[PDB]
Structures are given as structure tokens and as C-alpha cells.
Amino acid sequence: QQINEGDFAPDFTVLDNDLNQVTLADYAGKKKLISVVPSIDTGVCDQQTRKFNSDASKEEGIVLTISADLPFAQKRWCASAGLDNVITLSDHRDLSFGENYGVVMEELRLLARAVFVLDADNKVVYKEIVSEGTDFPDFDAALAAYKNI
């Protein structure tokens, strides 16, 4: 459907890099910054992933990266980047996350670039679906929503 700020976040089922099922409850009690990309194997999406992960206080909450990349791509990316502190989750099987959050590019079977921030109660306190022609998501706005919780 469409996610509106103020609404409770819908649950989803995605896969970790070890092929385990992950749902929103696996991060119970934490704030979340959910960064959605078309592919981690593209340059702009790489840069988005790295910047949210470096800039967001991970002592205070969780940064999720969600894409239609296979789990095997996402695991290889983390190894290649030399980062073991970066959570990547794969919506490839079902587009559970993408359908529930309204970010599927249907003609591509890829997820649209987007950002959600959820408070510790899964209240949606920020949303950006990145527009046509826009260089990057608004890092600062999302990061401020996250830090304010």
C-alpha cells in the first residue's frame, strides 16, 4: 500500500546473509533507519549504504539496508567493503518488504530508492521516496529524525 508518517510500520519477512528469515520483531525495542536501494552493486546505492551506516549512532538504534539483491550479493558486498557492522537484508524471494512499504519498481522487479525512520515502537517518524532526477536521499533529514528519537 502506501506508508504514512505516524502510522505503525507493517511487518515484513526478508532474508539475512545467512539465509535466515528476519522480521521487524527481530529488532524489537530499537529505533530503525531503513535504507532501501535498487542494488548495492551500483555506485550511488553503495554510497547511500556506507553513509547511513557511518553517520547513524549504532549504539543507540539499528540501520537496515533492504534490496532485491540476492543474499549472496549482499554478503559479498559487506566482505568486499571490509565492514562486519553493516546489516543487509534481501527482499528477493517475495518482495514482502517492498509490497508492504509501497517501493516496488514493478517493471524492474527492484526496490525504489527510499528511506523510512521508525521509532522504538515502530512508529513511522520519517519517509522519503527518492524523486526522479534527485542525486541522493536527504541524509541529514533522515539522520536528524533518527537522532531525535
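The first residue of the shown sequence is 1; numbering continues from there.
The mean C-alpha temperature factor is higher for 60 to 68 when 60 to 68 and 88 to 96 are set side by side. The question of which stretch, 36 to 44 or 22 to 30, has the higher mean Cα B factor is settled in favour of 22 to 30.
Ranked against the other modelled residues of its chain, the C-alpha B-factor of residue 124 as given in the entry falls in the middle third. When the modelled residues of the chain are ordered by C-alpha B-factor, residue 79 sits in the highest third. Among all modelled residues in this chain, the alpha-carbon of residue 139 has a temperature factor (C-alpha) in the lowest third. Per-chain ranking of the deposited C-alpha B factor places residue 105 in the highest third.
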